[PDB]
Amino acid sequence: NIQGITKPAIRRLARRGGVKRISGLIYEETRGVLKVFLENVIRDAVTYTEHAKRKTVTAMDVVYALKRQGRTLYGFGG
């Protein structure tokens, strides 16, 4: 499923970041980084979910998880 994060999508992200030329090895490096990011955020979110005896990850659980990681997000509950 990590490979479903396609090369052209990584291209688009890079371009929003101002990147002009991309080495061919960037795509797998990017997938590895994205996966560490999601593991860290989701793990904390699901910890909030379990603490609340629910089976549904809330947007609030993600927002609190992101605020713990120092990635505060506006527009979903806080």
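So that there is no doubt, residue numbering starts at 1 and follows the sequence shown.
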Comparing 65-73 with 52-60, where is the mean C-alpha B-factor higher? 52-60
For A9, return the chain-relative third of its C-alpha B-factor as stated in the PDB record: lowest, middle or highest. highest
For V33, return the chain-relative third of its C-alpha B-factor as stated in the PDB record: lowest, middle or highest. lowest
Pull the Cα B-factor of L25 out of the PDB entry and bin it into the chain's lowest, middle or highest third. highest
